[PDB]
Amino acid sequence: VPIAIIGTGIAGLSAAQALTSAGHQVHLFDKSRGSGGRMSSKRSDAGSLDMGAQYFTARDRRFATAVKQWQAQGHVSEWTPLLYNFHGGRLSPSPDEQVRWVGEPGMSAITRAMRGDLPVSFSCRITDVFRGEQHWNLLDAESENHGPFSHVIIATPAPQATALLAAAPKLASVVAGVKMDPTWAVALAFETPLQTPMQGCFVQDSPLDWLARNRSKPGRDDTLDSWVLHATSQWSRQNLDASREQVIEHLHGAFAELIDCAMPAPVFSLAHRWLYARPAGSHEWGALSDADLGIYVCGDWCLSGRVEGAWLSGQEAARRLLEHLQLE
Amino acid sequence: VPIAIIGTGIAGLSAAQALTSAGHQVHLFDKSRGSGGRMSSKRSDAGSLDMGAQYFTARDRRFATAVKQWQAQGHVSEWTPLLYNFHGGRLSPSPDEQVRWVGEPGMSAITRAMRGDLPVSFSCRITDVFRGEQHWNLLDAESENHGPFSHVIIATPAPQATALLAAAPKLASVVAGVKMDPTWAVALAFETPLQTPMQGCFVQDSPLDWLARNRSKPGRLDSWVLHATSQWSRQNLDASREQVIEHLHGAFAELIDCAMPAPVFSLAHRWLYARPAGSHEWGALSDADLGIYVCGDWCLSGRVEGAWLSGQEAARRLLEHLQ
Ligand SMILES: Cc1cc2nc3c(=O)[nH]c(=O)nc-3n(C[C@H](O)[C@H](O)[C@H](O)COP(=O)(O)OP(=O)(O)OC[C@H]3O[C@@H](n4cnc5c(N)ncnc54)[C@H](O)[C@@H]3O)c2cc1C
Ligand SMILES: Cc1cc2nc3c(=O)[nH]c(=O)nc-3n(C[C@H](O)[C@H](O)[C@H](O)COP(=O)(O)OP(=O)(O)OC[C@H]3O[C@@H](n4cnc5c(N)ncnc54)[C@H](O)[C@@H]3O)c2cc1C
Ligand SMILES: NC(=O)c1ccc[n+]([C@@H]2O[C@H](COP(=O)([O-])OP(=O)(O)OC[C@H]3O[C@@H](n4cnc5c(N)ncnc54)[C@H](O)[C@@H]3O)[C@@H](O)[C@H]2O)c1
């Protein structure tokens, strides 16, 4: 009887890896058509786009060790863009010297490799998690039952987890208090490359706080010069219900204010709203659990709100489950 | 810019009635193909079956007037069944002078009439509720946006409300604490009427705690609706429909006091969040400054009356705040 994992972002897949390494079968669920969550890459008319996390850093040694394995396997590489800063309405080079990692050929490659051939049900939105006398069961949005499962790991943003925790109301109440902040992201592509050496920019005093040039990322070689623009959470909140076209227009404007070359009209534009982009604050929980009941909860919001945090959180959920088994 | 109401059970529709009576536009949402929620009737080979709420009492003077209005409209009538008890393993009559009401021709008639031609989006599961600087917005399970809305009323079972309250995490945490119990229901119909005078029964010491005979209701094959206890329903929460029918049919066959042949049709329905485990005294929950309101039976007594009163209270708080 396998363990159900709801969510195939890096937290859920990190838990899946740990459990399967320890000799336990899992079954993965995601409402999306594929895995990766906020690390996903989007195929588009302008090539593959990373519209969520663009890169990540690694400080914790356990996570850094995993990243170096992924690198050896060809799924991640360092990204060292020629960076600029825009502050006080002025553009300047930024000798930032920080190691940043990017999935290759796209950010989604990391989680795709973690998932491997583990059993998975995509386009399967779980709406209820409930237990009988012996086993756990999942109900999906089409009213189909899934189970039996021996345990459940919920690996979703906290607001999306609360509805799945009716069986564990003390946990549900904790999870319901975890605030996550929104982000609007925009992608623009140009038929000919912009005539600038800029490959990324940190932005202040602007609707934007970050932008990146996709062709500068390792293994990227799309004919179209695509750029991904990230709005601040404050701007995104203020504009949370703006239309996609207005968001595109405004962040395009912010980009045009800082750029150091001519910018023709884009041939493609996309906006994406992440309602629950990152946690508003940090925790040191690692995971949340009711091991006696058999329910575990994980995600970036259990720790630092970054890819590293999500991965560590999944490791911790799995560790607790495995410890409980070993003890039983 | 209208008010969004998520949930078209009697709580949501009660809120809708109060708001539209006061001249405010609404838009209704439900994940189901129709309205009524836990009062809904199931169409079947034996006529409309009330698989959910079976009858209701009207004690509160305001609700009683509403019930009298519905009666005037031909949507409800008094139900005066010959009631029994199954106690100590024996069936005996249990008379009482309690007035009970039923929708006619089915329990669903009440909410259908409340809904009328109000704007509604069915097969529309709301997954997210969020606000900009001036308006509310809804996202559904197909990733389609809905809005702008001036306010939002959530009118769902409490565990289903928690996901819709991210914008109001203090309310979400309260709502997350509300326990609701499950109920399995089974319907059986017989080609010839069972030779018993019983028309309903309160049942003890059984998987069942209630059974009712539909042809005994005003305006309605001899079909019977069986309701399992919350304990039994919990113990069997992940049983198949076929297993539940088999087991609850067996339980009915154990208590009946006349010959009972094989039924010509059977149906089962699992209500995961059938009723609140306990009582509450909230009336409604709200953050009026934010513009979000929450209602449902679980805000009061866990009965039709409680749902109706809760919707009225949510609407009243909204209307009071508009000022
Ligand atoms: C715009 C943006 C920029 C970012 N930049 C950075 C950065 O520079 N550095 C960094 O370290 N991090 C960054 N992040 C954060 C990083 O993306 C996240 O911390 C991490 O990816 C979260 O992983 P997770 O597994 O916890 O959740 P997610 O990736 O959100 O995975 C949750 C999964 O659960 C699924 N799901 C949800 N509800 C259900 C349901 N009911 N049924 C089935 N499936 C469900 C979802 O579809 C999703 O696939 C960024 C995020 C965003 C959005
Ligand atoms: C088996 C059973 C027997 C009962 N018997 C009796 C009785 O004899 N007497 C009595 O007084 N009461 C009885 N009740 C209780 C009565 O049915 C309820 O108190 C009442 O109908 C609840 O109304 P409500 O509007 O609060 O919720 P509901 O009727 O549950 O309506 C909620 C609505 O919200 C919708 N919804 C939920 N989530 C979403 C979403 N995310 N997006 C869109 N729509 C959504 C649902 O589809 C549903 O239509 C019984 C209930 C059950 C289950
Ligand atoms: N199936 C479910 O899970 C569920 C969910 C929500 C509400 N409800 C029902 O709401 C119903 C209505 O409660 P109410 O107070 O409005 O109506 P009511 O006064 O008819 O019923 C209340 C309770 O009183 C008892 N009772 C009343 N008359 C009786 C008699 N003649 N013999 C034996 N017992 C008798 C029963 O135990 C009954 O459950 C309850 O009966 C309850 O079953 C059921």
# chains A, B, ... in the order shown; residues from 1 in each chain; ligands from 1
>>> residues_near_ligand(ligand="ligand 3", cutoff="6 Å", atoms="only C-alpha atoms and all ligand atoms", output="PyMOL selection string")
chain B and resi 56-57+85+94-96+183+202+227+274-275+302-303
>>> interface_residues(of="chain A", to="chain B", cutoff="6 Å", atoms="only C-alpha atoms", output="number ranges by chain")
A: 132-133, 159, 163, 166, 169, 172-173, 176-177, 240-241
>>> write_last_selection(atoms="N, CA, C and O atoms", output="PDB file, in the first residue's frame")
ATOM      1  N   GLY A 132     -10.080   5.866   6.312  1.00  0.00           N
ATOM      2  CA  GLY A 132     -10.984   4.853   6.815  1.00  0.00           C
ATOM      3  C   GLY A 132     -10.355   4.287   8.076  1.00  0.00           C
ATOM      4  O   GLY A 132      -9.521   4.934   8.718  1.00  0.00           O
ATOM      5  N   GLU A 133     -10.684   3.048   8.401  1.00  0.00           N
ATOM      6  CA  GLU A 133     -10.166   2.446   9.613  1.00  0.00           C
ATOM      7  C   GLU A 133      -8.683   2.133   9.467  1.00  0.00           C
ATOM      8  O   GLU A 133      -7.933   2.210  10.441  1.00  0.00           O
ATOM      9  N   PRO A 159      -1.692  27.872   1.659  1.00  0.00           N
ATOM     10  CA  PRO A 159      -3.142  28.082   1.517  1.00  0.00           C
ATOM     11  C   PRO A 159      -3.857  26.976   0.755  1.00  0.00           C
ATOM     12  O   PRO A 159      -5.069  26.769   0.944  1.00  0.00           O
ATOM     13  N   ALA A 163      -7.183  22.948   2.856  1.00  0.00           N
ATOM     14  CA  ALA A 163      -8.387  22.201   2.414  1.00  0.00           C
ATOM     15  C   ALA A 163      -8.171  20.695   2.422  1.00  0.00           C
ATOM     16  O   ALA A 163      -9.133  19.914   2.464  1.00  0.00           O
ATOM     17  N   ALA A 166      -8.517  18.517   6.510  1.00  0.00           N
ATOM     18  CA  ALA A 166      -9.734  18.382   7.318  1.00  0.00           C
ATOM     19  C   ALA A 166      -9.623  17.268   8.349  1.00  0.00           C
ATOM     20  O   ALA A 166     -10.258  17.316   9.420  1.00  0.00           O
ATOM     21  N   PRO A 169      -7.350  18.798  11.992  1.00  0.00           N
ATOM     22  CA  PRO A 169      -7.727  20.211  12.140  1.00  0.00           C
ATOM     23  C   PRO A 169      -6.728  21.060  12.920  1.00  0.00           C
ATOM     24  O   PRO A 169      -6.657  22.280  12.679  1.00  0.00           O
ATOM     25  N   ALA A 172      -4.389  21.882  10.279  1.00  0.00           N
ATOM     26  CA  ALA A 172      -5.040  22.782   9.315  1.00  0.00           C
ATOM     27  C   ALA A 172      -5.011  24.222   9.829  1.00  0.00           C
ATOM     28  O   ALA A 172      -4.756  25.161   9.090  1.00  0.00           O
ATOM     29  N   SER A 173      -5.263  24.390  11.119  1.00  0.00           N
ATOM     30  CA  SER A 173      -5.288  25.724  11.687  1.00  0.00           C
ATOM     31  C   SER A 173      -3.914  26.406  11.659  1.00  0.00           C
ATOM     32  O   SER A 173      -3.817  27.618  11.428  1.00  0.00           O
ATOM     33  N   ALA A 176      -3.204  27.314   8.010  1.00  0.00           N
ATOM     34  CA  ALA A 176      -4.049  28.413   7.563  1.00  0.00           C
ATOM     35  C   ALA A 176      -3.488  29.782   7.930  1.00  0.00           C
ATOM     36  O   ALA A 176      -3.848  30.790   7.319  1.00  0.00           O
ATOM     37  N   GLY A 177      -2.608  29.827   8.926  1.00  0.00           N
ATOM     38  CA  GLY A 177      -1.996  31.075   9.329  1.00  0.00           C
ATOM     39  C   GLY A 177      -0.759  31.466   8.541  1.00  0.00           C
ATOM     40  O   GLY A 177      -0.213  32.533   8.779  1.00  0.00           O
ATOM     41  N   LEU A 240      -2.853  43.086  -8.242  1.00  0.00           N
ATOM     42  CA  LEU A 240      -3.071  41.643  -8.274  1.00  0.00           C
ATOM     43  C   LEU A 240      -4.148  41.232  -9.272  1.00  0.00           C
ATOM     44  O   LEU A 240      -4.062  40.151  -9.835  1.00  0.00           O
ATOM     45  N   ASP A 241      -5.133  42.091  -9.497  1.00  0.00           N
ATOM     46  CA  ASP A 241      -6.238  41.775 -10.409  1.00  0.00           C
ATOM     47  C   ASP A 241      -6.175  42.594 -11.689  1.00  0.00           C
ATOM     48  O   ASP A 241      -7.150  42.721 -12.408  1.00  0.00           O
TER      49      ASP A 241
END
>>> residues_near_ligand(ligand="ligand 1", cutoff="7 Å", atoms="only C-alpha atoms and all ligand atoms", output="PyMOL selection string")
chain A and resi 6-12+29-32+35-39+51-57+124-127+155-157+160-161+183-185+230+274+277-278+298-301+305-310
>>> residues_near_ligand(ligand="ligand 2", cutoff="7 Å", atoms="only C-alpha atoms and all ligand atoms", output="ChimeraX atom specification")
/B:6-12,29-32,35-39,51-57,124-127,155-157,160-161,183-185,227,271,273-275,295-298,302-307
>>> atom_distance(atom1="CA of residue 227 in chain A", atom2="CA of residue 139 in chain B")
27.2 Å
>>> decode(residues="range 65-78 of chain B", atoms="N, CA and C atoms", output="PDB file, in the first residue's frame")
ATOM      1  N   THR B  65     -41.754  32.264   9.104  1.00  0.00           N
ATOM      2  CA  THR B  65     -42.464  33.080   8.119  1.00  0.00           C
ATOM      3  C   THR B  65     -41.998  32.747   6.714  1.00  0.00           C
ATOM      4  N   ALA B  66     -40.686  32.573   6.579  1.00  0.00           N
ATOM      5  CA  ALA B  66     -40.115  32.207   5.304  1.00  0.00           C
ATOM      6  C   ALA B  66     -40.696  30.881   4.885  1.00  0.00           C
ATOM      7  N   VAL B  67     -40.791  29.928   5.810  1.00  0.00           N
ATOM      8  CA  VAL B  67     -41.354  28.607   5.491  1.00  0.00           C
ATOM      9  C   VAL B  67     -42.823  28.769   5.050  1.00  0.00           C
ATOM     10  N   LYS B  68     -43.573  29.633   5.718  1.00  0.00           N
ATOM     11  CA  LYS B  68     -44.971  29.879   5.328  1.00  0.00           C
ATOM     12  C   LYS B  68     -45.083  30.525   3.924  1.00  0.00           C
ATOM     13  N   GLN B  69     -44.116  31.367   3.580  1.00  0.00           N
ATOM     14  CA  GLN B  69     -44.048  31.910   2.235  1.00  0.00           C
ATOM     15  C   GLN B  69     -43.816  30.790   1.236  1.00  0.00           C
ATOM     16  N   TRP B  70     -42.850  29.910   1.532  1.00  0.00           N
ATOM     17  CA  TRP B  70     -42.570  28.815   0.635  1.00  0.00           C
ATOM     18  C   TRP B  70     -43.801  27.931   0.469  1.00  0.00           C
ATOM     19  N   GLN B  71     -44.537  27.755   1.555  1.00  0.00           N
ATOM     20  CA  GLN B  71     -45.720  26.924   1.525  1.00  0.00           C
ATOM     21  C   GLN B  71     -46.761  27.564   0.595  1.00  0.00           C
ATOM     22  N   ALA B  72     -46.901  28.865   0.726  1.00  0.00           N
ATOM     23  CA  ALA B  72     -47.831  29.617  -0.117  1.00  0.00           C
ATOM     24  C   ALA B  72     -47.471  29.469  -1.603  1.00  0.00           C
ATOM     25  N   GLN B  73     -46.184  29.265  -1.879  1.00  0.00           N
ATOM     26  CA  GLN B  73     -45.691  29.145  -3.258  1.00  0.00           C
ATOM     27  C   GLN B  73     -45.723  27.699  -3.751  1.00  0.00           C
ATOM     28  N   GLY B  74     -46.191  26.812  -2.901  1.00  0.00           N
ATOM     29  CA  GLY B  74     -46.333  25.418  -3.263  1.00  0.00           C
ATOM     30  C   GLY B  74     -45.029  24.651  -3.193  1.00  0.00           C
ATOM     31  N   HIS B  75     -44.048  25.185  -2.475  1.00  0.00           N
ATOM     32  CA  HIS B  75     -42.720  24.549  -2.446  1.00  0.00           C
ATOM     33  C   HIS B  75     -42.436  23.772  -1.171  1.00  0.00           C
ATOM     34  N   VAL B  76     -43.312  23.878  -0.181  1.00  0.00           N
ATOM     35  CA  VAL B  76     -43.141  23.130   1.073  1.00  0.00           C
ATOM     36  C   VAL B  76     -44.508  22.802   1.644  1.00  0.00           C
ATOM     37  N   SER B  77     -44.577  21.698   2.362  1.00  0.00           N
ATOM     38  CA  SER B  77     -45.786  21.305   3.050  1.00  0.00           C
ATOM     39  C   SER B  77     -45.418  20.574   4.309  1.00  0.00           C
ATOM     40  N   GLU B  78     -46.371  20.467   5.219  1.00  0.00           N
ATOM     41  CA  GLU B  78     -46.125  19.724   6.433  1.00  0.00           C
ATOM     42  C   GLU B  78     -46.095  18.236   6.103  1.00  0.00           C
TER      43      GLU B  78
END
